[PDB]
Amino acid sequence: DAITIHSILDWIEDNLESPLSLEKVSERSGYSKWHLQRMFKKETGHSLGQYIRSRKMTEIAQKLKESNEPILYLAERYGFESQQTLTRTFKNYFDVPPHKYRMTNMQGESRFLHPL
């Protein structure tokens, strides 16, 4: 798995940025969703679902601070059906909505997950 799981990882980072990268779409590449999940968990100790999301939340967080792309545009661009949906997911992952997170200095790298 190390070899194939280590690959699905690149394909993911080579995606989130727009895809809905759901377990199914992620399934396509490789085996059955349940299996890919089995391998990847045992391989990374990280559930596929929460890792992808952790990666999208960490990436949306860096753009809110390194750029001015409107959060609706960020919502649509990372696969969210709306601002409200992203607003609640962001809030749930950071405990601070997107705009408020955008306008605060002290708020740091806290909770960021990186590429693997």
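Numbers for residues come from their place in the sequence shown, where the first is 1.
In this crystal structure, the stretch out of 23 to 31 and 48 to 56 whose C-alpha atoms carry the higher mean B factor is 23 to 31. Stretches 58 to 66 and 39 to 47 differ in mean CA B factor, with 39 to 47 having the higher one. Among all modelled residues in its chain, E13 ranks in the middle third by Cα B-factor.
In this PDB entry, the Cα temperature factor of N92 sits in the bottom third of its chain's modelled residues, the lowest group.
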